[PDB]
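Novice: First, the structure itself, so that you have it in front of you.
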Number of protein chains: 2
Amino acid sequence: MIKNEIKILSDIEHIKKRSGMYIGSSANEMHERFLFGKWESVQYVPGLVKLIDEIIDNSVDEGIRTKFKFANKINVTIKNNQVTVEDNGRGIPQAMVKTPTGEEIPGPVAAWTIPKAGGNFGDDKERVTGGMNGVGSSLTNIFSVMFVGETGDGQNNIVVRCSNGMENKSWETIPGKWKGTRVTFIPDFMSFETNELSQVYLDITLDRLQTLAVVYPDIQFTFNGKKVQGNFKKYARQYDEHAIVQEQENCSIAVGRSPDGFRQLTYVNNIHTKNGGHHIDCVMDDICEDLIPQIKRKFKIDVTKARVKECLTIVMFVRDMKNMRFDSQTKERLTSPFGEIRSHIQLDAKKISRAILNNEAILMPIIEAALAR
Amino acid sequence: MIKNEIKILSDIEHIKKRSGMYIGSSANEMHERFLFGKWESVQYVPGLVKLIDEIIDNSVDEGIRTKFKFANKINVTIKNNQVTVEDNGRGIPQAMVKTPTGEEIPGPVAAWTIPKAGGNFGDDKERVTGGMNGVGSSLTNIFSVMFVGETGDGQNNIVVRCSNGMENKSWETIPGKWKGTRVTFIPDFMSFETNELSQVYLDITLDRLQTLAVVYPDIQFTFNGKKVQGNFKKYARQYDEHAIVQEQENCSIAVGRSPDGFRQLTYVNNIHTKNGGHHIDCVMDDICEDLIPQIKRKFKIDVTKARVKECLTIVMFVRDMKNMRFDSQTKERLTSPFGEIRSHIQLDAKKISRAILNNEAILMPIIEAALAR
Ligand SMILES: Nc1ncnc2c1ncn2[C@@H]1O[C@H](COP(=O)(O)OP(=O)(O)NP(=O)(O)O)[C@@H](O)[C@H]1O
Ligand SMILES: Nc1ncnc2c1ncn2[C@@H]1O[C@H](COP(=O)(O)OP(=O)(O)NP(=O)(O)O)[C@@H](O)[C@H]1O
Ligand SMILES: [Mg+2]
């Protein structure tokens, strides 16, 4: 008989025992991510990419919450299964904060050593950064053999050092004049199903850095000491040379061709909702409510919404969004209410619909495939 | 400027603030789901469905942990925005449990009021239960205006009463002789994007109860006092009359026809991974690696794996699967390693490939579509 004994778990212990809920999958798997604009087959562990992207997203959040004035040179380096992110933001405040137990724990150490502790817990309606869960940076270390974070406020330098899988930790304060953040850690391969950060992880990281540079032209991302140039037109042409691009103040969409199924790549603020959500669905619905009547008047053939939808590879970017509620800790599916997404996103469906109706490189393959079948 | 102040939250407060990662979505969205064998478009909040499925999963988990000797009558009732799940299982042990803070609290109250507490935290390679996180019933009690958990081990009735949305809790013990469990909660709609437990949610719960009675024939689930009859043959024929059925000791498969894209409904133990996972991908690979040479030799045509796959509707049921993990708390993607699932599942793909080849009612549409293009 199975021993049903009700146990009690601590936060660190629960996270280590139940990492699947907090970093997504933890075993190497196959996917079809858009690597550098190519729908190629990729094999990787979502946990490691998620942990790296946690710190990268923290740097991007520091950039965006300061209106890109501070934290605009995010030097991300990944060499020999070691991650090392640098940014020139305001950094962790040195102001004292109080734990529920009453113990006095400073800012950086509380942020980088305990979960459910972050600066994104304020008013949600005005939250613009990509962080909401207050867990995670916590996570690398929490999933790391060594994790040293060096913050500087221009007057003090705070070094938070953790080792033995976050079990050992210590924070120290030194006089200094640095202003920024330098988070460098080494992953723990005992948890994940891997032993080394191969070239594929660096390629995925470079792809997200390129996408973030395209999304945010102000921030100058750097990878392994090499600058990253952010231009949307080249990024969209990397998908298909005949892509149709429409930019707005908060929406930035591009339409390509999907010959072997359905494809997409969407970003909300600085979060890669790679499992879609409601924004892509709402945008595509609005586009189709204009295509279907127009294609009816033009080619006089009845086509369903899904038939047209399955032949487009939409790459779409959203900026300055608020209330980005997700459904997974990995934040892979934007589940914000459709009304809020429609209110914030001001994309003109008629413009893109007319643009792709006027082009023979996209509509004609759809028409030919429908007529042949 | 964005006011950046580090805040620290406990388990309950963080769950209330960040419910997205713990009950999936919280805004009523539209999917295309299998309701009563029909690929019907449905509109609902996944949060409430996950909330009910948590208690139902705990009941089924107790049942299987007793090897169906106990908790074999899971009477589930949903009336007037209220859920009442009763079973005749062993019940929660009265044994005292010591929290990390040192406080002494009973087992039922520890399970039903504070999260990260469960009896499923055994050796992760020996979990035969559909629960792994120790947060489920505590989660459903957090989002409940009222919640009464009445348990009995045959010697004493333990009643845990929670009210005003997790803020009020009170446990009591009375001499008694009842042996079983009864979880009755009324969900709180102030957080969810809904107002009442309308008929769609009852339909979804009844469909899941039918599915559970099909995969688990010993448990006599009764919905609103109405017995649910479980027969896999009729359940499969509900989808498609010409469906091909193959039953094994731990795996049950039913293959049909899909005219409007790809559809699937798969179950591992008692969890509806409605976004697929790694087991169904293994099934597809094993089926295609034998079907493709056969169709190539028969009809002298070349068809890709995706083209054949997308024209099928497969219903798959898996039981007694050990060491299963999920990328989300909602458990909608089984992220166990491919090798472990392949070792556990003893599917014979050659048999189903031969059966589908010998049928001219499902393969012929695929071949006709291939010849059309
Ligand atoms: N480069 C940086 N500059 C300034 N502050 C930083 C930087 N990196 C991290 N932080 C702070 O460190 C904390 C990190 O918490 P973290 O574990 O990443 O959860 P989070 O910030 O809420 N994001 P997420 O978990 O993705 O929702 C945040 O409160 C940030 O304020
Ligand atoms: N109705 C019940 N019958 C039998 N055992 C129960 C019941 N409710 C709770 N338990 C036990 O008490 C714990 C608390 O329930 P719950 O909060 O759902 O934890 P859990 O089962 O680990 N949840 P999850 O991992 O999300 O499926 C469970 O792990 C069981 O050990
Ligand atoms: Mg983030």
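Derivation of every value follows stated rules applied to the coordinates shown; laboratory data play no part. Cβ: placed from backbone, ideal geometry, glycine included. Neighbour counts: every protein chain shown.
Novice: Test of understanding: among A:145, A:128, A:135, which residue is more than 11 Å from ligand 1 (Cβ to nearest atom), under 19 Å from the mean Cα position of the chain (by Cα) and either surrounded by 23 or more Cβ atoms within 10 Å (Cβ to Cβ) or not charged (D, E, K, R) (or both)?
Specialist: Within the list A:145, A:128, A:135, the selection yields A:128.
Novice: Mind listing whichever residues of the range B:3-15 are in contact with a helix residue (DSSP H, G or I) (Cβ under 7 Å, 6 or more places away or on another chain) and not in a loop (DSSP other than H, G, I, E, B)?
Specialist: Within the range B:3-15, B:8, B:12, B:15 qualify.
Novice: Continuing with this model, one more query. Out of A:37, A:20, A:47, I need the residue that is on the phi > 0 side of the Ramachandran plot and either buried (at least 17 other Cβ atoms within 10 Å of the Cβ) or touching a residue at least 40 places away in the same chain (Cβ under 8 Å) (or both). Which one?
Specialist: After ruling out the rest, the residue left standing is A:37.
Novice: Right, another one. Going by what's in this entry, would residue B:183 be described as more than 25 Å from residue B:36 (Cβ to Cβ), of a type in the set (A, V, I, L, M) and either touching a residue at least 60 places away in the same chain (Cβ under 8 Å) or assigned to a strand (DSSP E or B) (or both)?
Specialist: Spelling it out, residue B:183 is indeed more than 25 Å from residue B:36 (Cβ to Cβ), of a type in the set (A, V, I, L, M) and either touching a residue at least 60 places away in the same chain (Cβ under 8 Å) or assigned to a strand (DSSP E or B) (or both).
Novice: Next up: Which of (1) part of a helix (DSSP H, G or I); (2) out of contact with any strand residue (DSSP E or B) (no Cβ under 7 Å at 6 or more places or on another chain) is the odd one out, the single condition residue A:355 does not satisfy?
Specialist: Evaluating residue A:355 over (1) part of a helix (DSSP H, G or I); (2) out of contact with any strand residue (DSSP E or B) (no Cβ under 7 Å at 6 or more places or on another chain) leaves (2) as the failure.
Novice: Which ones in the range A:130-162 are polar (S, T, N, Q) and within 13 Å of residue A:109 (Cα to Cα)?
Specialist: Passing the criteria: A:137, A:138, A:141, A:151, A:157.
Novice: Given the criteria closer than 18 Å to residue A:4 by Cβ and among the aromatic types (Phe, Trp, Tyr), does residue B:121 qualify?
Specialist: Considered against the rule, which asks whether it is closer than 18 Å to residue A:4 by Cβ and among the aromatic types (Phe, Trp, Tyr), residue B:121 comes out as yes.
Novice: Does the range A:114-123 contain any residue that is surrounded by 20 or more Cβ atoms within 10 Å (Cβ to Cβ), more than 16 Å from ligand 2 (Cβ to nearest atom) and of a type in the set (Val, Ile, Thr)?
Specialist: no
Novice: So, one more: Within the range A:108-118, is even one residue among the charged types (D, E, K, R), within 12 Å of ligand 1 (Cβ to nearest atom) and over 26 Å from residue A:220 (Cα atoms)?
Specialist: Checked the range A:108-118: at least one residue is among the charged types (D, E, K, R), within 12 Å of ligand 1 (Cβ to nearest atom) and over 26 Å from residue A:220 (Cα atoms).
Novice: Restricted to the range A:61-107, and to residues that are on the phi > 0 side of the Ramachandran plot and within 9 Å of ligand 1 (Cβ to nearest atom), which residue is surrounded by the fewest Cβ atoms within 10 Å (Cβ to Cβ)?
Specialist: A:71
Novice: Could you tell me how many of the residues in the range A:318-338 are acidic (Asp, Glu) and farther than 20 Å from residue B:275 by Cβ?
Specialist: 1
Novice: Then there's this: For a quick check of your reading of the model, give me the residue pairs whose first member lies in the range A:106-130 and is more than 7 Å from chain B (Cβ to nearest Cβ), whose second is part of a strand (DSSP E or B) and among the small types (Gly, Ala, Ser), with beta-carbon atoms closer than 7 Å and at least 6 apart or on different chains.
Specialist: Going by the 7 Å Cβ cut-off, the qualifying pairs are A:108/A:149; A:112/A:149.
Novice: If you check B:167, B:150, B:86, which single one turns out to be under 19 Å from the mean Cα position of the chain (by Cα), more than 16 Å from ligand 3 (Cβ to nearest atom) and away from every other protein chain (no Cβ under 14 Å)?
Specialist: Just a single option satisfies the conditions, and that option is B:86.
Novice: Conditions first: (1) within 14 Å of another protein chain (Cβ to nearest Cβ); (2) under 24 Å from the mean Cα position of the chain (by Cα). Residue B:198 passes all but one, so which condition is the exception?
Specialist: Of the numbered conditions (1) within 14 Å of another protein chain (Cβ to nearest Cβ); (2) under 24 Å from the mean Cα position of the chain (by Cα), the odd one out for residue B:198 is (1).
Novice: Looking at (1) part of a loop (DSSP other than H, G, I, E, B); (2) farther than 25 Å from residue B:249 by Cα, which one does residue B:332 not meet, given that it meets all the others?
Specialist: Condition (2) is where residue B:332 drops out.
Rundown of residues vs (1) without any contact (Cβ under 8 Å) to a residue 12 or more places away in the chain; (2) crowded, with 22+ Cβ neighbours inside 10 Å, yes/no style:
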| position | (1), (2) |
| --- | --- |
| A:306 | yes, no |
| A:315 | no, yes |
| A:325 | no, no |
| A:328 | no, yes |
| A:348 | no, no |
| A:360 | yes, no |
